[PDB]
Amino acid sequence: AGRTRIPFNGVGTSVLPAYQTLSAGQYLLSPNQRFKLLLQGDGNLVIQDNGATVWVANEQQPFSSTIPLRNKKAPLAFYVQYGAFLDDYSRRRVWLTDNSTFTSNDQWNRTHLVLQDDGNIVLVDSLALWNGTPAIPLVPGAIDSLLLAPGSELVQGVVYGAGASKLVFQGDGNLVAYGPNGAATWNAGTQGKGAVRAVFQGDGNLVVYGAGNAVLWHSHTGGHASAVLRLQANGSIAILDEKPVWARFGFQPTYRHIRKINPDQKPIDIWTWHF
């Protein structure tokens, strides 16, 4: 019939995946460790800022609803199933988020909660089109991630950094991501093949071209103009198609979502909204 929930086992990371039960005592941390989202034993779901409570989930939160919980046997739990839900029998309530209008049932599988470095909690419909480093965790919401927008050329020799990690279209023609310890976490394997150009194209395909526009390697992610290329500080490299569907601040259901930008017009992995 449907998806059932499993227990959450990612305490201290920045993301609560779909259909995972966060129980009392468990918490998320923003990638910069400044913010913590904590389900307390008293049934309050709380965000702390360097250890000081600055938000509590209740009826006062815009775009949320509180309804009766009749089931006495329902454990204290917080989980995401497109919308987020807090089951709190101690106060006879289910506190839940009023997300923006759903577009397909597949969103139920793709939508997870992110605790961002700016303290916002955001529900994000997230699809990893390509993951170059499946062994390295995806870490959304980090100010130190490097994001490349579609239409971004990787200039040969330029070192694009995300913390201590880097992505480089090298002199030898290889396209390589290096992790924080200096070792390569991923490479296209295009060294010594005559590579002249590496580009994250407007169609969302990452492509390394040789002489005569010959294709040497590509991510097979063409046809996704809203995708971004992300290099994380932990060495992860991936191409993701993502959109937020709720947040505790900034979000309005009728507003346009957009990523915040650096003073040099480069996007960062933090969602914001406007008209």
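For every residue, the number given is its place in the sequence shown, counted from 1.
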With respect to the recorded C-alpha B factors, which stretch has the higher mean value, 23-31 or 228-236?
23-31
Please work out which of 85-93 and 176-184 has the higher mean CA B-factor as recorded in the PDB entry.
85-93
In terms of its chain's C-alpha B-factors, the third that includes residue 243 is the lowest
Check where residue 71 lands among this chain's C-alpha B-factors and tell me if it's the lowest, middle or highest third.
highest
Ordered by C-alpha B-factor within the chain, which third holds residue 14? Give me lowest, middle or highest, please.
lowest
Lowest, middle or highest third - CA B-factor, residue 218:
lowest
Within this chain, which third does the Cα B-factor at residue 189 fall in: lowest, middle or highest?
middle
